[PDB]
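Please read the structure below before turning to the comments.
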Amino acid sequence: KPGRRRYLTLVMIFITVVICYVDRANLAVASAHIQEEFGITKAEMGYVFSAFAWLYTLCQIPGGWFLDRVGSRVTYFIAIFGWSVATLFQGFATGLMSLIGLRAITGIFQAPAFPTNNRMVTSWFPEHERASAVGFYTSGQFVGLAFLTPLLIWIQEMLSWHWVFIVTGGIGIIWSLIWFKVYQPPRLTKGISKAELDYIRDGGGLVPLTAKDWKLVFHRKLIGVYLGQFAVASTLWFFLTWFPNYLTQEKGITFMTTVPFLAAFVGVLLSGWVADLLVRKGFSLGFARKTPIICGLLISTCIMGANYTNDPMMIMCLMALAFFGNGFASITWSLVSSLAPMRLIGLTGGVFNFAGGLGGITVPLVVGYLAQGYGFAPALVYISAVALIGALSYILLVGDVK
Ligand SMILES: O=C(O)[C@H](O)[C@@H](O)[C@@H](O)[C@H](O)CO
């Protein structure tokens, strides 16, 4: 009865966020064959992984500027059709230099995925259901990064390894042109409902660099929010890049690739829904999403307790609970669109994950730096410290709705 096509764009985004995260972990799937063919060393492989991580964060502040400058639609086509071509060409790469360069190119076009979807969902879902929308396409990340990894392995072992980059890259190419022709602003869309467009707008859904603005974006209210995701997105990047299973593996654990990614799946899902229901009630817009972020980041510190047993106990349960707190508090960016000024929606989205994605580059490096000289115990307290620092820095500098 009410507007129904508004969620169509949400599904297309969910599809995009899935495809975007498949091209993130497709390299890890083939990482057991890429080293052997080119004769690459373990250290050199790190360049291939790092190539995507670095440019992904560095190419957000240009993307944030590129998003507002060029628009919200064409940017995603250039993005989807951008990285999808790089990934496709990676299947025909000759030498690690071709892989490092292409993975760099892949990170460039895939960087403006976070700010572009945010404005896209904010121009279509700036209401109470933005958290349910934010908690919807984020689940596709945990699903798209994992639930498709077995299918890649199936295509990897039976057929050649190149098809993993042709499938993931080829699907993205088709999806860009598909998405390019179907999605468009609400008024300019073919079928617009008289009630939906007003329904979308009643919540706030609408279609050079200044020195002053340059210093204002780095404000206390946004700074405390920037630091918040530095502790949220980081925990997800261990699983993406550096450390699924590396050193000291006999007395680390013993199935591990699906447990935390479900707890976060429903974690982001219900958390986006809990904040969604709370906000429509007599609670503030920030407090409805702030609350599940604080306790979540507090739940994220639950992993510190896994070392008290050192015995084949139910660590996996509290492991999923600790990862549930990150997912439950994974809608930390659902409010960045609100606090950010109307003029600079793209830049804030970049500088935002520029702290979160950076967390995916520095936090994994810290956990590794102490595991050789010390062990895993200082790594669990650090993740809890970053989560506590994330929570602590949030509750103090949250500053509600600026
Ligand atoms: O790519 C992205 O959207 C960001 O990394 C981040 O928003 C996601 O990883 C998730 O929402 C939080 O970890």
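FYI, nothing fancy with the structure tokens labels: chains A, B, ... in order, residues from 1 per chain, ligands from 1 as they appear.
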### Query
Residues at most 12 Å from residue A:155, counting only C-alpha atoms, excluding those fewer than 5 positions away in the same chain, as a list in words?
residues 26, 29, 30, 148, 149, 150, 160, 161, 162, 163, 164, 165, 166, 167 and 168 of chain A
Select the residues contacting ligand 1 at a distance of at most 10 Å, based on only C-alpha atoms and all ligand atoms, then format the selection as a PDB file with N, CA, C and O atoms, in the first residue's frame.
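Writing the result to part-v3.pdb gives the following:
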```
ATOM      1  N   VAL A  17      26.598  -3.874  -2.220  1.00  0.00           N
ATOM      2  CA  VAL A  17      27.470  -4.062  -1.067  1.00  0.00           C
ATOM      3  C   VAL A  17      27.958  -5.501  -0.978  1.00  0.00           C
ATOM      4  O   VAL A  17      29.050  -5.761  -0.460  1.00  0.00           O
ATOM      5  N   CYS A  20      30.529  -5.924  -3.751  1.00  0.00           N
ATOM      6  CA  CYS A  20      31.717  -5.163  -3.386  1.00  0.00           C
ATOM      7  C   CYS A  20      32.590  -5.937  -2.407  1.00  0.00           C
ATOM      8  O   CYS A  20      33.822  -5.854  -2.466  1.00  0.00           O
ATOM      9  N   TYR A  21      31.971  -6.682  -1.491  1.00  0.00           N
ATOM     10  CA  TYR A  21      32.722  -7.460  -0.513  1.00  0.00           C
ATOM     11  C   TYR A  21      33.163  -8.815  -1.045  1.00  0.00           C
ATOM     12  O   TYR A  21      34.039  -9.443  -0.441  1.00  0.00           O
ATOM     13  N   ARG A  24      36.520  -8.267  -2.341  1.00  0.00           N
ATOM     14  CA  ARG A  24      37.480  -8.019  -1.278  1.00  0.00           C
ATOM     15  C   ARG A  24      38.171  -9.307  -0.854  1.00  0.00           C
ATOM     16  O   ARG A  24      39.401  -9.358  -0.754  1.00  0.00           O
ATOM     17  N   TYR A  56      42.351   1.927  -0.588  1.00  0.00           N
ATOM     18  CA  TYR A  56      40.942   1.963  -0.215  1.00  0.00           C
ATOM     19  C   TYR A  56      40.653   3.078   0.780  1.00  0.00           C
ATOM     20  O   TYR A  56      39.622   3.752   0.682  1.00  0.00           O
ATOM     21  N   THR A  57      41.534   3.273   1.762  1.00  0.00           N
ATOM     22  CA  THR A  57      41.319   4.337   2.735  1.00  0.00           C
ATOM     23  C   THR A  57      41.801   5.675   2.189  1.00  0.00           C
ATOM     24  O   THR A  57      41.115   6.693   2.333  1.00  0.00           O
ATOM     25  N   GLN A 110      36.800   1.039  -5.636  1.00  0.00           N
ATOM     26  CA  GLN A 110      35.999   0.480  -4.555  1.00  0.00           C
ATOM     27  C   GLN A 110      36.024   1.333  -3.290  1.00  0.00           C
ATOM     28  O   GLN A 110      35.321   1.014  -2.327  1.00  0.00           O
ATOM     29  N   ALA A 111      36.814   2.413  -3.270  1.00  0.00           N
ATOM     30  CA  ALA A 111      36.873   3.259  -2.079  1.00  0.00           C
ATOM     31  C   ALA A 111      35.599   4.070  -1.869  1.00  0.00           C
ATOM     32  O   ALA A 111      35.109   4.127  -0.727  1.00  0.00           O
ATOM     33  N   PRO A 112      35.018   4.725  -2.889  1.00  0.00           N
ATOM     34  CA  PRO A 112      33.814   5.536  -2.649  1.00  0.00           C
ATOM     35  C   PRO A 112      32.529   4.729  -2.547  1.00  0.00           C
ATOM     36  O   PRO A 112      31.450   5.209  -2.908  1.00  0.00           O
ATOM     37  N   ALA A 113      32.636   3.501  -2.041  1.00  0.00           N
ATOM     38  CA  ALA A 113      31.459   2.664  -1.839  1.00  0.00           C
ATOM     39  C   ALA A 113      30.730   3.060  -0.562  1.00  0.00           C
ATOM     40  O   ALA A 113      29.495   3.075  -0.522  1.00  0.00           O
ATOM     41  N   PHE A 114      31.491   3.412   0.481  1.00  0.00           N
ATOM     42  CA  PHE A 114      30.885   3.755   1.766  1.00  0.00           C
ATOM     43  C   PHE A 114      30.163   5.090   1.700  1.00  0.00           C
ATOM     44  O   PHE A 114      28.977   5.146   2.069  1.00  0.00           O
ATOM     45  N   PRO A 115      30.786   6.187   1.265  1.00  0.00           N
ATOM     46  CA  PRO A 115      30.034   7.452   1.204  1.00  0.00           C
ATOM     47  C   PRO A 115      28.923   7.455   0.169  1.00  0.00           C
ATOM     48  O   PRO A 115      27.870   8.061   0.405  1.00  0.00           O
ATOM     49  N   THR A 116      29.120   6.791  -0.974  1.00  0.00           N
ATOM     50  CA  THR A 116      28.098   6.814  -2.015  1.00  0.00           C
ATOM     51  C   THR A 116      26.833   6.082  -1.588  1.00  0.00           C
ATOM     52  O   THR A 116      25.721   6.548  -1.860  1.00  0.00           O
ATOM     53  N   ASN A 117      26.973   4.926  -0.937  1.00  0.00           N
ATOM     54  CA  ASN A 117      25.786   4.225  -0.463  1.00  0.00           C
ATOM     55  C   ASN A 117      25.120   4.987   0.673  1.00  0.00           C
ATOM     56  O   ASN A 117      23.893   4.945   0.814  1.00  0.00           O
ATOM     57  N   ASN A 118      25.911   5.673   1.503  1.00  0.00           N
ATOM     58  CA  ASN A 118      25.341   6.429   2.610  1.00  0.00           C
ATOM     59  C   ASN A 118      24.401   7.517   2.103  1.00  0.00           C
ATOM     60  O   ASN A 118      23.240   7.590   2.520  1.00  0.00           O
ATOM     61  N   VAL A 134      20.616   0.522   7.065  1.00  0.00           N
ATOM     62  CA  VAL A 134      22.054   0.424   7.304  1.00  0.00           C
ATOM     63  C   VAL A 134      22.399  -0.964   7.822  1.00  0.00           C
ATOM     64  O   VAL A 134      23.401  -1.564   7.415  1.00  0.00           O
ATOM     65  N   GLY A 135      21.575  -1.497   8.722  1.00  0.00           N
ATOM     66  CA  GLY A 135      21.764  -2.846   9.216  1.00  0.00           C
ATOM     67  C   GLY A 135      21.385  -3.928   8.235  1.00  0.00           C
ATOM     68  O   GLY A 135      21.467  -5.112   8.571  1.00  0.00           O
ATOM     69  N   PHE A 136      20.955  -3.550   7.034  1.00  0.00           N
ATOM     70  CA  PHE A 136      20.579  -4.497   5.993  1.00  0.00           C
ATOM     71  C   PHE A 136      21.699  -4.731   4.993  1.00  0.00           C
ATOM     72  O   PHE A 136      22.074  -5.879   4.741  1.00  0.00           O
ATOM     73  N   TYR A 137      22.254  -3.669   4.415  1.00  0.00           N
ATOM     74  CA  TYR A 137      23.334  -3.869   3.458  1.00  0.00           C
ATOM     75  C   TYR A 137      24.655  -4.201   4.138  1.00  0.00           C
ATOM     76  O   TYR A 137      25.554  -4.729   3.476  1.00  0.00           O
ATOM     77  N   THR A 138      24.791  -3.928   5.438  1.00  0.00           N
ATOM     78  CA  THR A 138      25.991  -4.344   6.153  1.00  0.00           C
ATOM     79  C   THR A 138      26.006  -5.849   6.374  1.00  0.00           C
ATOM     80  O   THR A 138      27.081  -6.452   6.448  1.00  0.00           O
ATOM     81  N   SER A 139      24.831  -6.472   6.497  1.00  0.00           N
ATOM     82  CA  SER A 139      24.783  -7.927   6.587  1.00  0.00           C
ATOM     83  C   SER A 139      25.284  -8.568   5.299  1.00  0.00           C
ATOM     84  O   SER A 139      25.931  -9.620   5.332  1.00  0.00           O
ATOM     85  N   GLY A 140      24.993  -7.950   4.149  1.00  0.00           N
ATOM     86  CA  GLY A 140      25.522  -8.462   2.896  1.00  0.00           C
ATOM     87  C   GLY A 140      27.036  -8.473   2.854  1.00  0.00           C
ATOM     88  O   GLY A 140      27.635  -9.250   2.104  1.00  0.00           O
ATOM     89  N   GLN A 141      27.675  -7.605   3.645  1.00  0.00           N
ATOM     90  CA  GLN A 141      29.128  -7.632   3.765  1.00  0.00           C
ATOM     91  C   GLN A 141      29.591  -8.924   4.425  1.00  0.00           C
ATOM     92  O   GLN A 141      30.450  -9.637   3.890  1.00  0.00           O
ATOM     93  N   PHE A 142      29.027  -9.247   5.594  1.00  0.00           N
ATOM     94  CA  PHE A 142      29.405 -10.481   6.272  1.00  0.00           C
ATOM     95  C   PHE A 142      29.002 -11.697   5.449  1.00  0.00           C
ATOM     96  O   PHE A 142      29.707 -12.712   5.439  1.00  0.00           O
ATOM     97  N   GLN A 229      34.497   4.668  14.633  1.00  0.00           N
ATOM     98  CA  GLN A 229      34.585   3.595  13.646  1.00  0.00           C
ATOM     99  C   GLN A 229      35.999   3.037  13.524  1.00  0.00           C
ATOM    100  O   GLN A 229      36.164   1.896  13.079  1.00  0.00           O
ATOM    101  N   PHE A 230      37.019   3.801  13.929  1.00  0.00           N
ATOM    102  CA  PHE A 230      38.377   3.265  13.966  1.00  0.00           C
ATOM    103  C   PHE A 230      38.440   1.979  14.781  1.00  0.00           C
ATOM    104  O   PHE A 230      39.297   1.124  14.532  1.00  0.00           O
ATOM    105  N   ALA A 231      37.531   1.819  15.744  1.00  0.00           N
ATOM    106  CA  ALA A 231      37.454   0.621  16.568  1.00  0.00           C
ATOM    107  C   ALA A 231      36.380  -0.355  16.103  1.00  0.00           C
ATOM    108  O   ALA A 231      36.325  -1.478  16.617  1.00  0.00           O
ATOM    109  N   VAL A 232      35.507   0.059  15.184  1.00  0.00           N
ATOM    110  CA  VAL A 232      34.403  -0.781  14.733  1.00  0.00           C
ATOM    111  C   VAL A 232      34.794  -1.551  13.479  1.00  0.00           C
ATOM    112  O   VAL A 232      34.766  -2.786  13.463  1.00  0.00           O
ATOM    113  N   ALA A 233      35.165  -0.829  12.416  1.00  0.00           N
ATOM    114  CA  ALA A 233      35.525  -1.490  11.167  1.00  0.00           C
ATOM    115  C   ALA A 233      36.805  -2.304  11.288  1.00  0.00           C
ATOM    116  O   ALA A 233      37.020  -3.217  10.486  1.00  0.00           O
ATOM    117  N   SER A 234      37.645  -2.020  12.284  1.00  0.00           N
ATOM    118  CA  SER A 234      38.946  -2.676  12.357  1.00  0.00           C
ATOM    119  C   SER A 234      38.791  -4.172  12.587  1.00  0.00           C
ATOM    120  O   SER A 234      39.456  -4.983  11.934  1.00  0.00           O
ATOM    121  N   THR A 235      37.923  -4.563  13.526  1.00  0.00           N
ATOM    122  CA  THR A 235      37.790  -5.979  13.855  1.00  0.00           C
ATOM    123  C   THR A 235      37.404  -6.805  12.635  1.00  0.00           C
ATOM    124  O   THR A 235      37.727  -7.998  12.565  1.00  0.00           O
ATOM    125  N   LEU A 236      36.704  -6.194  11.673  1.00  0.00           N
ATOM    126  CA  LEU A 236      36.290  -6.912  10.474  1.00  0.00           C
ATOM    127  C   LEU A 236      37.441  -7.141   9.507  1.00  0.00           C
ATOM    128  O   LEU A 236      37.362  -8.055   8.678  1.00  0.00           O
ATOM    129  N   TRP A 237      38.491  -6.324   9.570  1.00  0.00           N
ATOM    130  CA  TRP A 237      39.571  -6.415   8.600  1.00  0.00           C
ATOM    131  C   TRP A 237      40.625  -7.449   8.964  1.00  0.00           C
ATOM    132  O   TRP A 237      41.447  -7.789   8.106  1.00  0.00           O
ATOM    133  N   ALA A 264      27.438 -11.384  13.822  1.00  0.00           N
ATOM    134  CA  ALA A 264      27.371 -10.014  13.333  1.00  0.00           C
ATOM    135  C   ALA A 264      26.244  -9.849  12.324  1.00  0.00           C
ATOM    136  O   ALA A 264      25.609  -8.790  12.278  1.00  0.00           O
ATOM    137  N   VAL A 268      24.181  -6.801  13.236  1.00  0.00           N
ATOM    138  CA  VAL A 268      23.892  -5.572  12.508  1.00  0.00           C
ATOM    139  C   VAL A 268      22.412  -5.513  12.156  1.00  0.00           C
ATOM    140  O   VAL A 268      21.824  -4.428  12.075  1.00  0.00           O
ATOM    141  N   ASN A 326      30.465  -6.069  17.928  1.00  0.00           N
ATOM    142  CA  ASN A 326      30.930  -5.240  16.826  1.00  0.00           C
ATOM    143  C   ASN A 326      29.844  -5.113  15.765  1.00  0.00           C
ATOM    144  O   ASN A 326      29.577  -4.016  15.261  1.00  0.00           O
ATOM    145  N   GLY A 327      29.225  -6.236  15.395  1.00  0.00           N
ATOM    146  CA  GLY A 327      28.099  -6.172  14.482  1.00  0.00           C
ATOM    147  C   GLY A 327      26.934  -5.408  15.077  1.00  0.00           C
ATOM    148  O   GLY A 327      26.353  -4.531  14.432  1.00  0.00           O
ATOM    149  N   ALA A 329      27.102  -3.132  17.119  1.00  0.00           N
ATOM    150  CA  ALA A 329      27.539  -1.743  17.047  1.00  0.00           C
ATOM    151  C   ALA A 329      28.164  -1.414  15.696  1.00  0.00           C
ATOM    152  O   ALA A 329      29.009  -0.518  15.600  1.00  0.00           O
ATOM    153  N   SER A 330      27.740  -2.104  14.642  1.00  0.00           N
ATOM    154  CA  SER A 330      28.283  -1.881  13.312  1.00  0.00           C
ATOM    155  C   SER A 330      27.502  -0.836  12.536  1.00  0.00           C
ATOM    156  O   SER A 330      27.871  -0.516  11.403  1.00  0.00           O
ATOM    157  N   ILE A 331      26.445  -0.288  13.123  1.00  0.00           N
ATOM    158  CA  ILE A 331      25.683   0.775  12.483  1.00  0.00           C
ATOM    159  C   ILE A 331      26.258   2.094  12.979  1.00  0.00           C
ATOM    160  O   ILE A 331      25.564   3.115  13.012  1.00  0.00           O
ATOM    161  N   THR A 332      27.543   2.084  13.347  1.00  0.00           N
ATOM    162  CA  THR A 332      28.171   3.297  13.854  1.00  0.00           C
ATOM    163  C   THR A 332      28.183   4.408  12.818  1.00  0.00           C
ATOM    164  O   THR A 332      28.269   5.584  13.185  1.00  0.00           O
ATOM    165  N   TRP A 333      28.087   4.068  11.536  1.00  0.00           N
ATOM    166  CA  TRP A 333      28.056   5.059  10.472  1.00  0.00           C
ATOM    167  C   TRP A 333      26.644   5.430  10.040  1.00  0.00           C
ATOM    168  O   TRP A 333      26.487   6.216   9.102  1.00  0.00           O
ATOM    169  N   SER A 334      25.613   4.868  10.673  1.00  0.00           N
ATOM    170  CA  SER A 334      24.250   5.221  10.295  1.00  0.00           C
ATOM    171  C   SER A 334      23.917   6.655  10.681  1.00  0.00           C
ATOM    172  O   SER A 334      22.986   7.239  10.118  1.00  0.00           O
ATOM    173  N   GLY A 349      31.809  11.338   4.949  1.00  0.00           N
ATOM    174  CA  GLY A 349      31.770   9.899   4.763  1.00  0.00           C
ATOM    175  C   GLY A 349      33.136   9.317   4.469  1.00  0.00           C
ATOM    176  O   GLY A 349      33.433   8.184   4.860  1.00  0.00           O
ATOM    177  N   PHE A 352      35.315   9.752   7.613  1.00  0.00           N
ATOM    178  CA  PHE A 352      34.776   8.824   8.599  1.00  0.00           C
ATOM    179  C   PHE A 352      35.455   7.467   8.492  1.00  0.00           C
ATOM    180  O   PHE A 352      36.249   7.095   9.363  1.00  0.00           O
ATOM    181  N   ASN A 353      35.172   6.725   7.420  1.00  0.00           N
ATOM    182  CA  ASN A 353      35.819   5.431   7.245  1.00  0.00           C
ATOM    183  C   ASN A 353      37.324   5.583   7.088  1.00  0.00           C
ATOM    184  O   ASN A 353      38.062   4.622   7.332  1.00  0.00           O
ATOM    185  N   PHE A 354      37.799   6.769   6.687  1.00  0.00           N
ATOM    186  CA  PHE A 354      39.235   7.016   6.692  1.00  0.00           C
ATOM    187  C   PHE A 354      39.822   6.741   8.069  1.00  0.00           C
ATOM    188  O   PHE A 354      41.019   6.470   8.183  1.00  0.00           O
ATOM    189  N   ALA A 355      38.997   6.801   9.112  1.00  0.00           N
ATOM    190  CA  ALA A 355      39.388   6.362  10.443  1.00  0.00           C
ATOM    191  C   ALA A 355      39.024   4.900  10.670  1.00  0.00           C
ATOM    192  O   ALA A 355      39.770   4.175  11.335  1.00  0.00           O
ATOM    193  N   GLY A 356      37.875   4.463  10.145  1.00  0.00           N
ATOM    194  CA  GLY A 356      37.497   3.063  10.261  1.00  0.00           C
ATOM    195  C   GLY A 356      38.358   2.146   9.413  1.00  0.00           C
ATOM    196  O   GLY A 356      38.893   1.148   9.905  1.00  0.00           O
ATOM    197  N   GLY A 357      38.477   2.449   8.118  1.00  0.00           N
ATOM    198  CA  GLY A 357      39.364   1.671   7.269  1.00  0.00           C
ATOM    199  C   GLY A 357      40.797   1.703   7.760  1.00  0.00           C
ATOM    200  O   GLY A 357      41.508   0.696   7.701  1.00  0.00           O
ATOM    201  N   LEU A 358      41.242   2.860   8.256  1.00  0.00           N
ATOM    202  CA  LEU A 358      42.558   2.941   8.878  1.00  0.00           C
ATOM    203  C   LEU A 358      42.665   1.972  10.046  1.00  0.00           C
ATOM    204  O   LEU A 358      43.715   1.354  10.257  1.00  0.00           O
ATOM    205  N   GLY A 359      41.588   1.835  10.827  1.00  0.00           N
ATOM    206  CA  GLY A 359      41.558   0.815  11.858  1.00  0.00           C
ATOM    207  C   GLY A 359      41.795  -0.575  11.308  1.00  0.00           C
ATOM    208  O   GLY A 359      42.409  -1.415  11.971  1.00  0.00           O
ATOM    209  N   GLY A 360      41.310  -0.838  10.098  1.00  0.00           N
ATOM    210  CA  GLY A 360      41.606  -2.078   9.416  1.00  0.00           C
ATOM    211  C   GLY A 360      43.017  -2.187   8.888  1.00  0.00           C
ATOM    212  O   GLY A 360      43.372  -3.226   8.324  1.00  0.00           O
TER     213      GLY A 360
END
```
#### Entry: Gap from atom CA of residue A:74 to atom CA of residue A:15 - Å, one decimal
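So the answer is 17.0 Å.
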### Message
Applying 8 Å and only C-alpha atoms, which residues near residue A:397 remain after dropping the ones on its own chain fewer than 6 positions away? List them as a PyMOL selection string.
### Response
chain A and resi 220-221+223-225
Take the residues from that selection and put them in a file with C-alpha atoms, as a tab-separated table (two decimals), in the first residue's frame.
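Dumped everything to out_27.tsv:
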```tsv
chain	number	residue	atom	x	y	z
A	220	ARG	CA	34.90	17.73	18.13
A	221	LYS	CA	31.47	16.28	17.33
A	223	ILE	CA	36.15	13.79	15.47
A	224	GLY	CA	34.68	11.71	18.29
A	225	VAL	CA	32.58	9.91	15.68
```
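If you measure from each of A:214, A:376, A:76, A:287 to residue A:310 using only C-alpha atoms, the closest one turns out to be A:376.
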### Task
Determine which residues of stretch 301-378 of chain A DSSP labels as helix (DSSP H, G or I) from the backbone of this structure, then write them out as an MDAnalysis selection string.
chainID A and resid 301:308 315:328 336:339 345:373 377:378
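Proximity to residue A:196 was assessed for A:151, A:11, A:276, A:5 counting only C-alpha atoms; the smallest distance is recorded for A:5.
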### Query
Looking at only C-alpha atoms, which of A:97, A:19, A:79, A:177 is the one that sits closest to residue A:60?
A:79
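Interatomic distance, atom CA of residue A:320 against atom CA of residue A:367: 18.8 Å.
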### Task
Would you mind listing what lies within 8 Å of residue A:130 as a PyMOL selection string, with only C-alpha atoms counted and same-chain residues fewer than 3 positions away left out?
chain A and resi 121-122+125-127+133-134+272+276+334
Just to be explicit: take each residue in the selection above, keep N, CA and C atoms, and write the result as a tab-separated table (two decimals), in the first residue's frame.
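That gives us selection13.tsv:
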```tsv
chain	number	residue	atom	x	y	z
A	121	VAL	N	21.38	5.87	0.48
A	121	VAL	CA	20.40	5.43	1.47
A	121	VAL	C	19.85	6.61	2.27
A	122	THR	N	20.62	7.69	2.43
A	122	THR	CA	20.11	8.85	3.15
A	122	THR	C	19.13	9.66	2.32
A	125	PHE	N	16.41	6.81	2.49
A	125	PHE	CA	16.04	6.34	3.82
A	125	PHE	C	16.70	7.20	4.89
A	126	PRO	N	16.33	8.47	4.99
A	126	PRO	CA	16.81	9.31	6.10
A	126	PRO	C	15.95	9.25	7.35
A	127	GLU	N	15.02	8.31	7.42
A	127	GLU	CA	14.06	8.25	8.51
A	127	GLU	C	14.54	7.29	9.60
A	133	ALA	N	17.90	-0.08	7.31
A	133	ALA	CA	18.52	-0.11	6.00
A	133	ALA	C	20.03	-0.23	6.13
A	134	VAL	N	20.62	0.52	7.06
A	134	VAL	CA	22.05	0.42	7.30
A	134	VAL	C	22.40	-0.96	7.82
A	272	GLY	N	20.33	-2.61	13.86
A	272	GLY	CA	19.72	-1.63	12.99
A	272	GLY	C	18.22	-1.57	13.19
A	276	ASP	N	16.14	1.28	15.17
A	276	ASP	CA	15.04	1.74	14.33
A	276	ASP	C	13.75	1.88	15.12
A	334	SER	N	25.61	4.87	10.67
A	334	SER	CA	24.25	5.22	10.29
A	334	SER	C	23.92	6.66	10.68
```
#### Entry: Counting only C-alpha atoms, the residue of A:35, A:75, A:241, A:123 that sits nearest residue A:342
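The closest residue to residue A:342 is A:123.
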### Message
Considering only C-alpha atoms, can you say which of A:178, A:319, A:262, A:222 comes closest to residue A:399?
### Response
A:222
#### Entry: Between atom CA of residue A:395 and atom CA of residue A:338 - distance in Å to one decimal
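Result for atom CA of residue A:338 versus atom CA of residue A:395: 17.1 Å, one decimal.
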### Task
Point out the residue among A:174, A:380, A:207, A:61 with the least atom-to-atom distance to residue A:188, counting only C-alpha atoms.
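Counting only C-alpha atoms, the residue closest to residue A:188 is A:207.
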### Query
If we count only C-alpha atoms, what is near residue A:184 at a cut-off of 10 Å, once residues fewer than 4 positions away on the same chain are taken out, given as a ChimeraX atom specification?
/A:9,72-74,179-180,188-190,207
